[PDB]
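Below are the chains, spelled out letter by letter.
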Amino acid sequence: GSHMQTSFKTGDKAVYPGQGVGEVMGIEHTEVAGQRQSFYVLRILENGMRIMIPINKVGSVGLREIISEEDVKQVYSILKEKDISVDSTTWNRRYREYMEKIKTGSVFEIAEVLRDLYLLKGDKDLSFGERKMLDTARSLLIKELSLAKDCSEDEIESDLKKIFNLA
């Protein structure tokens, strides 16, 4: 053959503002009320769903890849120190500087946030108010670190046992 492409086939991960849980598996050609149109075959890593992102409605790109395994390695090193265990007095003040990190959901930030609350209780079963911040941070921990995972959430959720020494 000769012609058999669109924009970018399988080989890059793509993350739009809404989900990001997916990997490019090629381009599918559908028909919108009888019109020839192309879409990125984003294969959802969560359950195996199929999103068809429009290669044209996205304008310039629309779908922007997240951090790479390079970051995932650095991030682990930020939390690998079990000596960050904040005091219960300063903890109330530490809640504030960590509350702002949840707004950004920055990978290097969230990992530090959740870690602080994790070591604050020693185990994963945080208190009512600690679990409230941790629940939002955990949902982002495995979202960014998802790169080194490429599997069930248990991959990153369990990494925390080797980092915070939960076992």
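Per-chain numbering applies: from 1 upward along each written sequence, possibly unlike the entry's numbering, with residues missing coordinates excluded. Calculated side-chain values reflect all of the structure's heavy atoms, with hydrogen atoms and water omitted.

Undergrad: Any chance you could explain the pairing of strand β3 (residues 50-54) here in plain terms?
TA: Regular strands show a simple pattern: their side chains alternate between the two faces of the sheet. Burial classification: accessible surface area is computed with a 1.4 Å probe over protein chains only, and a residue below 20% of its type maximum counts as buried, one above 50% as exposed, and the rest as partly exposed. Helix numbers and strand numbers start at the N terminus; a helix is a DSSP run of H or I with at least 4 residues, a strand a run of E with at least 2. Here β3 shows one buried face, formed by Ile-51 and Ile-53, and one open face, formed by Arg-50, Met-52 and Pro-54. Two strands form a pair only when DSSP identifies at least two bridges running between them. Strand direction decides the pairing type here: strand β2 (residues 35-43) and β3, joined by five bridges, are antiparallel. Across the sheet, the residue bridging to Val-41 is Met-52, located in β3. Between β2 and β3, which pair antiparallel one after the other, the connecting turn spans six residues, and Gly-48 there sits at a positive phi close to 110°.

Undergrad: Looking at this structure, how should I read the pairing of strand β1 (residues 23-32)?
TA: Bridge count for β1 against β2 is eight bridges, and the pairing is antiparallel. Bridge pairing in β2 places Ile-27 opposite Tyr-40. Linkage of β1 to β2, two consecutive antiparallel strands, is achieved through a turn of two residues, within which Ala-33 is found at a positive phi near 45°.

Undergrad: What's the story with the packing of helix α2 (residues 88-104) against helix α3 (residues 107-121) in this structure? I'm lost.
TA: Axis angle and axis distance: for two packed helices, these are the angle between their axes and the distance between the axes, and together they describe the pair. Direction vectors running N to C along α2 and α3 enclose 145°, while the axes themselves pass 8 Å from each other. Crossing angle aside, the handedness with which α2 passes α3 is left-handed. On the side of α2, the interface is formed by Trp-91, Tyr-98, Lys-101, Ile-102 and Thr-104, while α3 contributes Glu-109, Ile-110, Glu-112, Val-113, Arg-115, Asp-116, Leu-117 and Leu-120. Axis definition: a line fitted to C-alpha atoms, limited for helices to the stretch in contact. Angles are taken between N-to-C directions and run from 0 to 180 degrees. Here a crossing is called left-handed whenever its near helix is offset anticlockwise from the far helix by less than a right angle, and right-handed whenever the offset is clockwise. Contacts: residue pairs with any heavy atoms within 4.5 Å of one another.

Undergrad: Which parts of the structure should I look at to understand the nonpolar core?
TA: When a protein is soluble and globular, its nonpolar side chains tend to lie buried together. Residues enter a nonpolar core if they are buried and are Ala, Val, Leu, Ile, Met, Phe, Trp, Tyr or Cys, with the set joined through side-chain atoms within 4.5 Å. Among the nonpolar cores identified, the biggest contains 31 residues, and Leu-114, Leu-141, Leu-145, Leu-160 and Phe-164 are the most heavily contacted of them. Sorting the residues of this core by element identifies α1 (69-79), α2, α3, α4 (128-144) and α6 (154-163) as the ones contributing at least two each. In this structure, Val-24, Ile-27, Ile-51 and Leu-63 belong to the second largest nonpolar core, which totals 10 residues.

Undergrad: Teacher, can you tell me more about the environment of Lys-80 here?
TA: Along the chain, the position of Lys-80 falls in the loop between α1 and α2. Here the alpha-carbon distance between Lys-80 and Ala-111, two residues 31 residues apart in the chain, equals 10 Å. One polar contact links the side chain of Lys-80 to the main-chain carbonyl oxygen of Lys-162, over a distance of 3.3 Å. Under the rule applied, a polar contact is a pair of N or O atoms within 3.5 Å (in protein, one hydrogen donor and one hydrogen acceptor; residues adjacent in sequence only if both atoms are side-chain atoms).

Undergrad: When you look at the pattern of salt bridges in this model, what are you seeing that I'm missing?
TA: Pairing between side chains of opposite charge can happen when the charged atoms of each approach one another. Criterion for a salt bridge: a side-chain nitrogen of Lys or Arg within 4 Å of a carboxyl oxygen of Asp or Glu. Using the criterion set out here, one finds five salt bridges in the structure. A salt bridge links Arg-115 to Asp-116; the shortest N-O distance between them is 3.7 Å. We classify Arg-115 as buried; its relative accessible area is 4%. Through salt bridges that share partners, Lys-101, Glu-112, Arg-115 and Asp-116 make up one connected network.

Undergrad: What's the story with the packing of α1 against α3 in this structure? I'm lost.
TA: Where α1 contacts α3, the axes come no closer than 9 Å and their chain directions differ by 30°. The orientation of α1 relative to α3 falls into the category roughly parallel. Crossing hand, α1 versus α3: right-handed. Of the residues in α3, those in contact with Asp-71, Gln-74, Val-75, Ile-78 and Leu-79 of α1 are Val-107, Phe-108, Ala-111, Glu-112 and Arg-115. Roughly parallel refers to an angle under 35 degrees, roughly antiparallel to one over 145, roughly perpendicular to one between 65 and 115, and oblique to any angle outside these ranges.

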